[PDB]
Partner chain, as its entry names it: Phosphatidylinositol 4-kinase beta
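In the form solved without the partner chain, a lone chain appears below as C-alpha coordinates.
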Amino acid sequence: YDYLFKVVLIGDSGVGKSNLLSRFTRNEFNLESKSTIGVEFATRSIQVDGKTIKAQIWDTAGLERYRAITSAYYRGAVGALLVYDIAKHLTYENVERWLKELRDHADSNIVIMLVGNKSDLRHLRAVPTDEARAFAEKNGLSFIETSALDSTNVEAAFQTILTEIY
(Lines give C-alpha, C1' and ligand atoms only; values in the text may rest on other atoms or scores of the structure.)
Protein backbone atom coordinates (compact mmCIF):
# COMPACT_ATOMS: atom_id res chain seq x y z
CA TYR A 1 0.00 0.00 0.00
CA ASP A 2 1.00 3.62 -0.53
CA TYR A 3 -0.91 5.17 2.37
CA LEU A 4 -2.64 3.88 5.49
CA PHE A 5 -5.63 5.88 6.66
CA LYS A 6 -7.19 5.31 10.06
CA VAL A 7 -10.89 6.17 10.02
CA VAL A 8 -13.24 5.69 12.97
CA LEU A 9 -16.96 4.92 13.24
CA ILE A 10 -19.04 6.85 15.78
CA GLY A 11 -22.70 7.40 16.53
CA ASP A 12 -25.48 6.16 18.80
CA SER A 13 -25.82 2.43 19.42
CA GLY A 14 -28.10 0.66 16.97
CA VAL A 15 -27.52 3.09 14.08
CA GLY A 16 -25.67 0.59 11.89
CA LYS A 17 -21.98 1.30 12.46
CA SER A 18 -20.99 -2.36 12.62
CA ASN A 19 -22.97 -3.52 9.59
CA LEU A 20 -21.61 -0.54 7.67
CA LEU A 21 -18.14 -1.85 8.48
CA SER A 22 -18.93 -5.48 7.60
CA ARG A 23 -20.62 -4.42 4.36
CA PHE A 24 -17.60 -2.42 3.28
CA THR A 25 -14.93 -4.92 4.36
CA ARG A 26 -16.60 -8.30 3.84
CA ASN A 27 -19.68 -7.47 1.80
CA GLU A 28 -21.74 -8.99 4.62
CA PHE A 29 -24.82 -7.86 6.56
CA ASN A 30 -26.55 -9.35 9.58
CA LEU A 31 -29.99 -8.33 10.87
CA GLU A 32 -29.22 -9.81 14.30
CA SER A 33 -28.20 -6.83 16.48
CA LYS A 34 -25.22 -7.40 18.77
CA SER A 35 -23.71 -4.46 20.67
CA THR A 36 -20.05 -4.16 19.77
CA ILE A 37 -17.50 -5.52 22.22
CA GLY A 38 -14.51 -3.33 23.09
CA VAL A 39 -12.89 -1.94 19.95
CA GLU A 40 -13.04 -3.77 16.60
CA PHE A 41 -10.75 -3.30 13.60
CA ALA A 42 -11.31 -4.01 9.90
CA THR A 43 -9.31 -3.21 6.78
CA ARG A 44 -9.77 -2.66 3.07
CA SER A 45 -7.71 -1.16 0.28
CA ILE A 46 -8.86 0.96 -2.63
CA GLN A 47 -7.30 2.94 -5.45
CA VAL A 48 -7.18 6.74 -5.30
CA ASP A 49 -5.28 8.71 -7.93
CA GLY A 50 -3.36 5.65 -9.07
CA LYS A 51 -2.26 4.89 -5.52
CA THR A 52 -3.20 2.14 -3.05
CA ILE A 53 -4.92 3.39 0.09
CA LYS A 54 -5.15 0.95 2.99
CA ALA A 55 -8.19 1.91 5.04
CA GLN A 56 -8.13 0.84 8.68
CA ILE A 57 -11.62 1.27 10.12
CA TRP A 58 -12.10 1.32 13.91
CA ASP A 59 -15.51 0.46 15.40
CA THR A 60 -16.84 0.50 19.02
CA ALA A 61 -20.13 0.59 21.01
CA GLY A 62 -22.15 3.80 20.86
CA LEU A 63 -23.14 3.72 24.54
CA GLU A 64 -20.64 5.47 26.85
CA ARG A 65 -22.41 4.98 30.19
CA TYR A 66 -19.85 3.03 32.22
CA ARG A 67 -16.90 3.27 29.85
CA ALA A 68 -16.34 6.41 27.77
CA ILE A 69 -14.34 6.60 24.52
CA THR A 70 -10.85 8.04 24.94
CA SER A 71 -8.54 10.12 22.76
CA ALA A 72 -6.64 6.87 22.10
CA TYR A 73 -9.59 5.61 20.04
CA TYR A 74 -9.45 8.76 17.90
CA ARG A 75 -5.67 9.20 17.94
CA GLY A 76 -4.22 9.58 14.45
CA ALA A 77 -7.59 9.21 12.77
CA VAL A 78 -7.79 11.31 9.60
CA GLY A 79 -11.40 10.41 9.01
CA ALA A 80 -14.60 9.93 10.99
CA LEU A 81 -17.92 8.46 9.87
CA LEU A 82 -20.52 9.97 12.21
CA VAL A 83 -23.65 7.84 11.81
CA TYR A 84 -27.32 8.22 12.75
CA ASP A 85 -30.56 6.31 11.96
CA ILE A 86 -32.89 8.23 9.65
CA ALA A 87 -35.79 6.41 11.32
CA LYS A 88 -34.86 7.52 14.86
CA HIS A 89 -34.75 11.29 15.29
CA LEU A 90 -33.05 10.94 18.68
CA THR A 91 -29.90 9.52 17.08
CA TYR A 92 -29.85 12.57 14.79
CA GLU A 93 -30.31 14.96 17.70
CA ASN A 94 -27.31 13.38 19.42
CA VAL A 95 -25.00 14.17 16.50
CA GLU A 96 -24.19 17.43 18.28
CA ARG A 97 -22.89 15.46 21.24
CA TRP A 98 -20.70 13.38 18.95
CA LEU A 99 -19.30 16.50 17.29
CA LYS A 100 -18.39 17.76 20.76
CA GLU A 101 -16.70 14.43 21.43
CA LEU A 102 -14.70 14.76 18.19
CA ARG A 103 -13.73 18.33 19.07
CA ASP A 104 -12.42 17.25 22.46
CA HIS A 105 -10.73 13.95 21.49
CA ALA A 106 -9.89 14.04 17.77
CA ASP A 107 -7.55 16.15 15.64
CA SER A 108 -9.10 19.51 14.74
CA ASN A 109 -8.68 18.81 11.02
CA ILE A 110 -10.26 15.37 10.89
CA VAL A 111 -12.49 14.80 7.86
CA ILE A 112 -15.99 14.20 9.20
CA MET A 113 -18.72 12.60 7.11
CA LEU A 114 -22.25 12.64 8.46
CA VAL A 115 -23.99 9.39 7.52
CA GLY A 116 -27.75 8.97 7.56
CA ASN A 117 -28.02 5.19 7.56
CA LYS A 118 -31.00 2.83 7.14
CA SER A 119 -32.02 4.49 3.89
CA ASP A 120 -34.23 1.46 3.15
CA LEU A 121 -36.65 2.62 5.87
CA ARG A 122 -37.29 5.78 3.85
CA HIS A 123 -40.98 5.18 4.53
CA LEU A 124 -40.33 5.44 8.28
CA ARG A 125 -38.07 8.48 7.90
CA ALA A 126 -37.91 10.74 10.97
CA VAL A 127 -35.06 12.94 9.73
CA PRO A 128 -35.74 14.75 6.45
CA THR A 129 -32.82 14.59 4.02
CA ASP A 130 -32.77 18.32 3.22
CA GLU A 131 -32.57 19.21 6.91
CA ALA A 132 -29.66 16.85 7.58
CA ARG A 133 -27.86 18.00 4.44
CA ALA A 134 -28.28 21.63 5.49
CA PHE A 135 -27.01 20.73 8.95
CA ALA A 136 -23.90 19.13 7.44
CA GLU A 137 -23.44 22.33 5.46
CA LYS A 138 -23.50 24.66 8.46
CA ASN A 139 -21.05 22.45 10.34
CA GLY A 140 -18.58 21.86 7.52
CA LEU A 141 -19.19 18.13 7.18
CA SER A 142 -19.69 15.84 4.19
CA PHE A 143 -23.10 14.15 4.03
CA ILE A 144 -24.55 10.97 2.60
CA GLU A 145 -27.48 8.63 3.22
CA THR A 146 -26.79 4.90 3.15
CA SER A 147 -28.29 1.49 3.69
CA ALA A 148 -25.99 -1.26 4.91
CA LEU A 149 -28.91 -3.62 4.41
CA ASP A 150 -29.55 -3.16 0.69
CA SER A 151 -26.00 -1.84 0.27
CA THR A 152 -26.97 1.61 -1.08
CA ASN A 153 -24.08 4.15 -1.03
CA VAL A 154 -21.91 2.13 1.34
CA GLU A 155 -18.91 1.93 -1.02
CA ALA A 156 -19.50 5.54 -2.09
CA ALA A 157 -19.42 6.77 1.51
CA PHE A 158 -16.07 5.16 2.34
CA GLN A 159 -14.61 5.84 -1.10
CA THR A 160 -15.57 9.50 -0.79
CA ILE A 161 -14.15 10.05 2.67
CA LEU A 162 -10.85 8.39 1.81
CA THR A 163 -10.59 10.45 -1.40
CA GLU A 164 -11.39 13.62 0.52
CA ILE A 165 -8.63 12.59 2.93
CA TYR A 166 -6.12 11.89 0.13
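Residue numbers count along the first chain shown, from 1. C-alpha atoms forming the largest set that superposes within 1.5 Å between two forms make up the rigid core. Shifts are known only where both forms have a C-alpha.
Per the PDB record, of the two stretches 32 to 40 and 98 to 106, 32 to 40 carries the greater mean B-factor over its C-alpha atoms.
The mean C-alpha temperature factor is higher for 120 to 128 when 65 to 73 and 120 to 128 are set side by side. If you compare the C-alpha temperature factors of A134, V111, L114, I57 in the entry, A134 comes out highest. In the deposited entry, the Cα temperature factor of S13 places it in the middle third of its chain's modelled residues. Split the chain's modelled residues into thirds by C-alpha temperature factor. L162 is in the middle one.
Unshown form solved in complex with the partner chain; subsequent notes refer to it.
Residue heavy atoms within 4.5 Å of the partner chain in the bound PDB entry occur in exactly one stretch of 135 to 143, 95 to 103, 108 to 116, 121 to 129, and that stretch is 121 to 129. Though the partner is left out of this view, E32 does reach within 4.5 Å of the partner chain in the bound PDB entry, counting heavy atoms only.
Taking the partner chain as positioned in the bound PDB entry, the only residue of 140 to 166 that brings a heavy atom within 4.5 Å of it is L149. In a core superposition between the shown form and the other one, the Cα of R67 is the only one among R67, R133, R97, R103 shifting by 2 Å or more. The gap between the Cα atoms of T70 and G62 is smaller in the bound PDB entry, by no less than 3 Å, than in this form.
Between the C-alpha atoms of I69 and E101, a gap widened by no less than 3 Å is obtained in the bound PDB entry, as opposed to the form on display. Under a 2 Å criterion for C-alpha shift, the lone consecutive stretch of 3+ residues that differs between the shown form and the other one after core superposition lies at 65 to 71.
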